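Chains as they are written, first to last, in the UniProt record's numbering: chain A, 1640 to 1687; chain B, 628 to 675; chain C, 1303 to 1398; chain D, 194 to 338; chain E, 102 to 130, 139 to 224, 232 to 540, 553 to 602; chain F, 98 to 145; chain G, 854 to 909, 970 to 1076.
First up is the structure itself, then whatever we jot down about it.
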Amino acid sequence: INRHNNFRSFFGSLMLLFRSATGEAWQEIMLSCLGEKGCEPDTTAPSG
Amino acid sequence: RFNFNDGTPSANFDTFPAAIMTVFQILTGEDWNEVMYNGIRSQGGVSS
Amino acid sequence: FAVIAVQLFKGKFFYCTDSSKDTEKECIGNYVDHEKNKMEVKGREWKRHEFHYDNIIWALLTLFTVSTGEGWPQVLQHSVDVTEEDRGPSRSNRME
Amino acid sequence: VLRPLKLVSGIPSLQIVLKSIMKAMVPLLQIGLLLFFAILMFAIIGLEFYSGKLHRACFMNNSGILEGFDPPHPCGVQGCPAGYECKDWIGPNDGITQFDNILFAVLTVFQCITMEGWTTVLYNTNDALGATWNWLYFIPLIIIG
Amino acid sequence: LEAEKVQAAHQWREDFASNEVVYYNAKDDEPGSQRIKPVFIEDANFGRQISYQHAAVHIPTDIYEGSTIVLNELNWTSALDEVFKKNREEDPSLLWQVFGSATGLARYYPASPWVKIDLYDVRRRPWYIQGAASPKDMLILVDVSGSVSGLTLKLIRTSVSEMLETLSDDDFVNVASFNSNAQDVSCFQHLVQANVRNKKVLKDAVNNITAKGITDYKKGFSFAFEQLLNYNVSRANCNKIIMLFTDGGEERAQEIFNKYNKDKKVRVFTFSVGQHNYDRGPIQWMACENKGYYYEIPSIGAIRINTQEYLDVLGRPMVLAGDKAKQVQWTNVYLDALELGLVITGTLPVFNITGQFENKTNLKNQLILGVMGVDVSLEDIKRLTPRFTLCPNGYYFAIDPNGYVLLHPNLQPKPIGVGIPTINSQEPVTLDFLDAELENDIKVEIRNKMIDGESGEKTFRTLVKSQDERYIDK
Amino acid sequence: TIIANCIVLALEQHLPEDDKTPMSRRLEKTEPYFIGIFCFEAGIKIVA
Amino acid sequence: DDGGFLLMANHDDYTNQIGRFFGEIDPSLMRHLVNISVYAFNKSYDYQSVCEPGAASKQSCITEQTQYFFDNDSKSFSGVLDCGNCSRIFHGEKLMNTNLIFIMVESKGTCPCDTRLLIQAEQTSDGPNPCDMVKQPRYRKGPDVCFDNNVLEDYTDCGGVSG
Ligand SMILES: *[C@@H]1O[C@H](CO)[C@@H](O[C@@H]2O[C@H](CO)[C@@H](O[C@@H]3O[C@H](CO)[C@@H](O[C@@H]4O[C@H](CO)[C@@H](O)[C@H](O)[C@H]4NC(C)=O)[C@H](O)[C@H]3NC(C)=O)[C@H](O)[C@H]2NC(C)=O)[C@H](O)[C@H]1NC(C)=O
Ligand SMILES: *[C@@H]1O[C@H](CO)[C@@H](O[C@@H]2O[C@H](CO)[C@@H](O)[C@H](O)[C@H]2NC(C)=O)[C@H](O)[C@H]1NC(C)=O
Ligand SMILES: *[C@@H]1O[C@H](CO)[C@@H](O[C@@H]2O[C@H](CO)[C@@H](O)[C@H](O)[C@H]2NC(C)=O)[C@H](O)[C@H]1NC(C)=O
Ligand SMILES: *[C@@H]1O[C@H](CO)[C@@H](O[C@@H]2O[C@H](CO)[C@@H](O)[C@H](O)[C@H]2NC(C)=O)[C@H](O)[C@H]1NC(C)=O
Ligand SMILES: CC(C)CCC[C@@H](C)[C@H]1CC[C@H]2[C@@H]3CC=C4C[C@@H](O)CC[C@]4(C)[C@H]3CC[C@]12C
Ligand SMILES: [Ca+2]
Ligand SMILES: [Ca+2]
């Protein structure tokens, strides 16, 4: 899950799904989107 | 010919079991390009 | 097949971050890593392979990923390196 | 290495089985032709667009005129994102995966239609020419090829 | 004497939950131990901040503190802190006193913080190596057959290079290679004195070898045994060992060993280098059929720790000699690790003597506990030889039995250079008397009379060099 | 005979830079026998 | 002076480079002076010398040194210098109660020749060759205490059975 392969945008997610459908490293993606991964910094919605 | 400076890959053609395993893996068509890259750089690189 | 695969590689998919250590008792502390021609001090971690056969659910998931055809050479290599119940891998130990 | 093939001639039953195997595979030949043309069609398209565009990469790290990411980042028309500078690069897979001439293009297209590492080729040209139109070349190639 | 007695009365606890081990760990800012925060008052005779209240402990990076081996060592060594002080109160002008354990840790007094990555290991230090065993006649055998090409060859090159770091001026070494034909690797053809200059010739030669051919152990070992029976050249007349750097074979080479070393007067240490599946049986057999040891080097991380452990085998005859094999030795002039300048180190091994009252264990008692050492700076020696009662042309100088100068006006606190620096201080400062000043026919005779030891006087005419390297006068 | 030749070919081990396992040297000695047997079977079918 | 360093000049172009080795500026006359045995050199090696790294910070290396001095006790010297299709005659007298020498030769422009420079400075090197030093090594005396091959030794632990 990096700048090339991520679920950030609709077209990025569509490309990721197509890549998994062709079976490239879909298990690696599954592992990389599994668990307690660090979260993207939200620019808006301030919090304490 | 597969023992490079960083080590020989698991998919090599040294022994008969290893050669048959590599051929089976290429037949299943999984990561065959990575074996082809080793087979090219063992015969003299991309030049020859 | 998953039940048979469990009895073959149950608990044997463990490894230390440095190849010197073989069990979890030794795999603790810090060590110097000589990868990519550069030294670095890293902690020792007793990790498990991402896809294993510790129980039947993990065995089923691993066999599904193998059936899809993805990453199965790496799983085969890990299974071949299998040595014993709670020991780190030995290269090409069990090629059968 | 053809010595094991002498068993086929030794046993005529294996000869019959091999004859059946070959006979079942004759009608596929025309399909193979339709494959080759496709491989010829895209390779030429890859020759007019990607030829020589994968020879620079981000290297400058003030660490010995070397280093860089393990999946090396090829340079393009925008430059490196950070304190890296574009420098001459041998090639993605040690200079193997590229569209320099028609043979390299044909090999790359054949590797792509087998769905083995085609995403790496797509991403190599994404950061070397922009990600705007590259998807228009690889998505049909998988769908058609 | 105290370390031997205190260690003998050790109970070897297995858990340190309640009775924690309290110690000061250097290079710091884990269960089973408690740390110490020291005061670190400034004090002269040292370039840093020290503390006389306790002794610091250095544990190398690759060794985990808190394991059973280190924690047991950290207990019985805590009784050395009292003796460390008793020596200092009895002699206020005393420099570092250090006990280098065979475990890998070093406990030194007074306590000072340790000085990128840290690759210090007390067992590799020249003062430890010279007291862990006697001089040797090492002869390295390198297998350069085809099967070692690739990763194994570059591991063998680094393993041999790191093995030469364990040799000193009293040890004599040669490197030979064999692939269906045994030959020397360099321009030597016999055992050389293994000083700084000679060790670089072997390092460059061993870094230029290529792998091709078929292994032949009979021809490789015949050349090795012939090299150790020369006696035409200067040698050590001590431990004669053969180091076989290979990967794996199927030849026991029995007929050679029952021919040359029928009485087993030559040890054979065999190393298996690289990641491979070749049969190690012949390699393991000839290793300990000839009073040797077998080592495995599968990666770079195992190079450093496996090319230093052969000194445990060489120390067995020294331990069995008992109190006869306890003599203080002094090393060559070298730069202190803790930035103290040029120093020399005394050295005395420590023996592990549990159960010697009844003489019943004798199983792990043939290994040494470690090496005790005390540092003497060259400024201490210079204070005992005042030079202001004689003209600037007059001076003192002292000489080693190897010819090196312990004290000389031309000795400088910089490492001696070898070769030309071509780019893309762990070596000692060993400067010869004949290189400190202008060589002469009389100087050689005078120096030779000092090597063996005999008083005398000699006045003569000589041409001497000026302070600035531009003039010469008689 | 063909089965035996297949087994012999299956036991070969390949080493880099002109290196031979001692087992492979012994296997190299069996080739003239197979060559002679195949020459005999070919001669029996060419001229007879 | 005693060492061939320029202390005086006549051209007023050498006076700018005062205190310079004569062989760096007049190699032809300097080399001949060594030959006629008025200046005698021996070289020596400095092992504790810092050097600029070369193509493969700073590191230590051996730099060969050289020094010159009066060889013979003769006072006056006269002779003819030959450099090729030219002839220059020189006369040399040494100042009394001083380490100075006075030389007079014809101008360098008279003889159209230019020999290679004879430089006396810190020149990095690698000698002497250790390949032949070991054939005739310096005298040394090692320890007389040896400990090996004790009959009580165990040596029953290999490196293989334990592992
Ligand atoms: C000086 O010499 C003495 C004796 O000559 C020596 O003392 C001996 O120390 C060892 C420890 O290294 C004691 O060993 C006992 O026996 C085994 C050792 O293997 C331990 O049992 C387990 O063994 C396995 C493998 O064998 C090991 O992995 C495991 O960690 C061990 N422990 C477990 C499972 O709990 C015993 O536990 C161990 N004894 C104890 C109390 O732990 C010998 O008994 C000691 N012998 C004597 C006479 O005291 C001493 O270490 C030497 N000096 C130094 C500095 O080492
Ligand atoms: C090893 O550690 C133990 C525990 O710290 C030491 O045993 C203690 O020693 C003190 C001082 O003599 C006694 O007061 C305690 O009663 C001892 N037992 C405990 C604390 O359980 C022991 O001395 C250490 N060994 C050495 C050689 O110093
Ligand atoms: C040097 O050692 C060699 C053996 O390594 C020996 O060579 C001898 O040479 C002399 C003269 O040629 C002859 O006696 C024999 O040919 C050689 N053998 C012996 C036993 O003498 C000898 O030990 C040394 N060479 C010398 C002393 O000249
Ligand atoms: C230093 O210079 C002296 C004198 O110039 C040289 O010694 C040579 O060898 C002996 C020893 O004095 C003399 O008889 C010779 O006349 C000297 N010259 C030559 C050419 O042999 C030598 O150059 C130097 N001495 C050394 C290096 O020990
Ligand atoms: C042709 C395709 C379907 C594969 C057929 C399987 C056969 C030919 C292969 C696959 C796995 C192979 C085995 C893998 C590993 C070992 C262990 C080694 O120490 C001896 C050989 C042996 C026992 C191999 C013999 C050949 C083998 C049995
Ligand atoms: Ca795939
Ligand atoms: Ca071999």
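Note that CB positions come from ideal geometry on N, CA and C, so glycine has one too.
Limits of the beta strand (DSSP E) - the one that residue i falls within
{"i": "E:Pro465", "result": "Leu458 to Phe467"}
{"i": "E:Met359", "result": "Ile357 to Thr362"}
{"i": "E:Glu191", "result": "Premise fails: E:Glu191 lies in the alpha helix (DSSP H), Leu189 to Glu199, not in any beta strand (DSSP E)."}
{"i": "E:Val207", "result": "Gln206 to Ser210"}
{"i": "E:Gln299", "result": "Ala298 to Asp300"}
{"i": "G:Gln978", "result": "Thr976 to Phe983"}
{"i": "D:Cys251", "result": "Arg249 to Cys251"}
Alpha-carbon spacing of residue i relative to residue j, whole angstroms
{"i": "A:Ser1659", "j": "D:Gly323", "result": "22 Å"}
{"i": "residue 1278 of chain C", "j": "C:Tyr1333", "result": "With chain C covering 1303 to 1398 only, the question about residue 1278 of chain C has no answer from this structure."}
{"i": "A:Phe1657", "j": "D:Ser256", "result": "39 Å"}
{"i": "E:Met279", "j": "E:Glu191", "result": "37 Å"}
{"i": "E:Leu485", "j": "E:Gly431", "result": "11 Å"}
{"i": "E:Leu271", "j": "E:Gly364", "result": "14 Å"}
{"i": "E:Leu562", "j": "E:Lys571", "result": "7 Å"}
{"i": "A:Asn1641", "j": "E:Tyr411", "result": "44 Å"}
{"i": "C:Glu1398", "j": "B:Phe651", "result": "15 Å"}
{"i": "E:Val122", "j": "G:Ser1038", "result": "55 Å"}
{"i": "E:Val384", "j": "E:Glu405", "result": "8 Å"}
{"i": "D:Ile306", "j": "D:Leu227", "result": "13 Å"}
{"i": "G:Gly1040", "j": "E:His524", "result": "23 Å"}
{"i": "E:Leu527", "j": "G:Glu905", "result": "21 Å"}
{"i": "E:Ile413", "j": "E:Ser388", "result": "6 Å"}
{"i": "E:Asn422", "j": "F:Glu109", "result": "34 Å"}
{"i": "D:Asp287", "j": "F:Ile100", "result": "42 Å"}
Residue i, enclosing alpha helix (DSSP H) - first and last residue
{"i": "C:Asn1332", "result": "First-last for C:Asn1332: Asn1332 to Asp1335, but that is the beta strand (DSSP E), not the alpha helix (DSSP H)."}
{"i": "E:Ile421", "result": "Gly417 to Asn422"}
{"i": "G:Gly1073", "result": "Note, G:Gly1073: premise wrong, no alpha helix (DSSP H); not H, not E."}
Given residue i as reference, the closest of the options once Cα atoms are compared
{"i": "E:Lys315", "options": "E:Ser277, E:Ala292, E:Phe337 and E:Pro502", "result": "E:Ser277"}
{"i": "E:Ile256", "options": "E:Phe337, E:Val123 and E:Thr447", "result": "E:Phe337"}
{"i": "D:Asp320", "options": "D:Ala250, D:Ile337, D:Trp282 and D:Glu260", "result": "D:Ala250"}
{"i": "E:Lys194", "options": "E:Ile178, E:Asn181 and E:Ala220", "result": "E:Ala220"}
{"i": "D:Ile295", "options": "D:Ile258, D:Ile237 and D:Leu334", "result": "D:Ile237"}
{"i": "E:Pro508", "options": "E:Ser594, E:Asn475, E:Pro531 and E:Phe473", "result": "E:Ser594"}
{"i": "E:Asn323", "options": "E:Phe304, E:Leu269 and E:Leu345", "result": "E:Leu269"}
{"i": "F:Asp115", "options": "E:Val179, E:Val264, E:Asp129 and E:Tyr244", "result": "E:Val264"}
C-beta neighbour in chain J for residue i, strict 8 Å
{"i": "C:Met1397", "result": "In the structure shown, chain J cannot be found, because the protein chains are A, B, C, D, E, F and G."}
Identify every run of the alpha helix (DSSP H) within the segment 1034 to 1070 of chain G, keeping only runs that are complete inside it and at least 4 residues long; order them along the chain. With a minimum length of 4 residues, the continuous alpha helix (DSSP H) runs that stay inside the segment 1034 to 1070 of chain G are 1043 to 1046.
Cβ contact check for the segment 491 to 499 of chain E and the segment 198 to 217 of chain E: 3 or more pairs under 8 Å: By the C-beta criterion, the segment 491 to 499 of chain E is judged to be in contact with the segment 198 to 217 of chain E, since at least 3 inter-stretch pairs fall below 8 Å.
Length at least 3, wholly inside the segment 271 to 314 of chain D: the beta strand (DSSP E) runs in chain order: Those beta strand (DSSP E) runs which fall completely within the segment 271 to 314 of chain D and span 3+ residues are 279 to 281.
Does the pairing of the segment 392 to 399 of chain E with the segment 425 to 432 of chain E give three or more beta-carbon distances under 8 Å? The answer is no - the segment 425 to 432 of chain E does not touch the segment 392 to 399 of chain E, with fewer than three Cβ pairs under 8 Å.
Threshold first: 4 residues or longer. Then list the alpha helix (DSSP H) segments lying entirely within the segment 860 to 901 of chain G, N to C. Here the runs fully enclosed are 875 to 878 and 880 to 888.
When the Cβ atoms of the segment 375 to 387 of chain E are set against those of the segment 290 to 302 of chain E, are three or more pairs found closer than 8 Å? Contact between the segment 375 to 387 of chain E and the segment 290 to 302 of chain E is not established, with fewer than three Cβ pairs separated by less than 8 Å.
Which ranges would you report for the alpha helix (DSSP H) in the segment 105 to 134 of chain F if only whole runs of at least 4 residues count? The qualifying runs are 119 to 125.
Do the segment 1385 to 1397 of chain C and the segment 1357 to 1370 of chain C make contact, defined as three or more Cβ pairs closer than 8 Å? Put simply, the segment 1385 to 1397 of chain C does not touch the segment 1357 to 1370 of chain C. Fewer than three CB pairs are less than 8 Å apart.
Can you confirm whether the segment 288 to 303 of chain D touches the segment 230 to 247 of chain D when touching is taken to mean that 3 or more C-beta pairs between the two stretches lie within less than 8 Å? Cβ pair count under 8 Å is three or more, so yes.
Contact between the segment 1353 to 1360 of chain C and the segment 1303 to 1313 of chain C is defined here as three or more beta-carbon pairs at a separation below 8 Å; is this criterion met? Short answer: they touch.
Any 3 or more C-beta pairs closer than 8 Å across the segment 416 to 424 of chain E and the segment 1313 to 1328 of chain C: Taking a cut-off of 8 Å on C-beta distances, the segment 416 to 424 of chain E touches the segment 1313 to 1328 of chain C, as three or more cross pairs fall below it.
For the pair the segment 304 to 311 of chain E and the segment 281 to 289 of chain E, tell me if three or more CB-CB distances fall below 8 Å. Yes: the two stretches touch, three or more of their Cβ pairs being nearer than 8 Å.
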